[PDB]
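Considered here are two forms of the same protein chain, supplied as structure tokens in two stand-alone entries, structure 1 and structure 2.
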Structure 1
């Protein structure tokens, strides 16, 4: 019993609306009296190739934004641009607005995605900010505006809004202040991400998750130094391990009875010799989208 778990999405579902400009429809996030959505909703198919969003936005009126909260249409009474987001002010304040915050997540961190289509939520899943600032989502046509988020107590931390799919099929988007994660831009032009790496801190947390659930076959008696581990990390495209990373793994190290560098020796062996057809926590690949916090939560 260990698997990717998403946060319950009820507090986010109530915030999802539909936003339409001409023949373009996508999802918006409705908090108090503001609707956030990707600004490229104002793009026609031709403007997408190289838009000037300031020009495009100045030529629109509040009336050109159709905002639907289910059956109720909301009237846009104002609007502005923040980076790659639109902020549409509406006459109604969302009564389902939860306690929330806008946060910018760091690479390797996880969040829940509420995938949405025409303003109605359709699925919820967990994923991670990749070290190269993409996310490996499952976004289809019409999912722009879907948000990523974490829940702490009763507060929703919004961290991602979806904008686009790169040619490799991974995804790119912004935080809720509209700044893109990574080097990308909202222009329909082929864009590459940097070469990705494996989130070592997450792999190790998942190795602890396995031990906690009785999967010990990969352990061994050996240990290793930080510097000696990093040398193998570099060879196999893993993020180097920091002393703060080791400090993060403290609680897991203590509950299991396995020193962090002992788990690193075990991981070094898995990288060098593979896994010999065996599985860890049901997986045959070293999973790197579970954070240490994720592990202790479950």
Structure 2
């Protein structure tokens, strides 16, 4: 069982470089639109608070240097959408795939194409956390990198990188420029809400461990959903919904362990702890491996 990313070629054909003054970041080229974080226009204005509507009226189309590989693209118009700029260019991307813009929900995963200077350097898998952060790997120059999923040749773009919190996690927006979480694009230290554990995915991981022949943690206690949810919240675990219990159906049928019986297993692990025991090799319960991942890889 291992975390896999979606193949990145459909997105690589869209990455570009957007430069204002001495500041440059990544943008996404779809048809005749380039999307990028709006703070490419900042010149130290980012410190404290920038007035984006003022900075933007003060900018000409010629001040935007947009480069796709070797080619410079002429900016024909610009308008601001939330925390993103939409740049109109004179040529439509010959490599635009079928795409949509989606708002990823907590607990769901996506692939990140980390880019620097409009050039992709790496691909990895991420989870949107309940507190609306992601545990990414992003260095200076990463802003504008996108997260995405791919279904039947259609790219679902769900994220654009904007910032790294003081704790080392990362924050950003969907492709309409709406931030995930309560963060704002200014140069300030910001704090995320307490980060809860994705219970649906821990449970999925437990199911994967049982499929792997590792079942020391099972027991014969019973729990109701309500009584499991009250214990889980005491340990900063997300409560389980009835939809989540359904999502776990195929895995519970495959192993013969009823979902609520696995909850009774997890409940004991929360209350008694691992005690040095290991699950799939780790003393830590993994929560970024989804039931879909377990299902596909079993």
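What we label the rigid core is the largest C-alpha set whose atoms superpose within 1.5 Å from one form to the other. Positions refer to the first chain, counted from 1.
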With the core superposed, find the residue in 105, 209, 127, 151 that moves its CA 2 Å or more between structures 1 and 2. 209
Could you check how many degrees the smaller rigid part rotates against the larger between structures 1 and 2? 10
Quick one: how many Å does the C-alpha of residue 27 shift between structures 1 and 2 once the rigid core is superposed? 0.3
Per-residue C-alpha deviation between structures 1 and 2 [residue 276; rigid core superposition; Å]: 4.3
Relative to the superposed core, what is the Cα shift for residue 259 between structures 1 and 2, in Å? 1.4
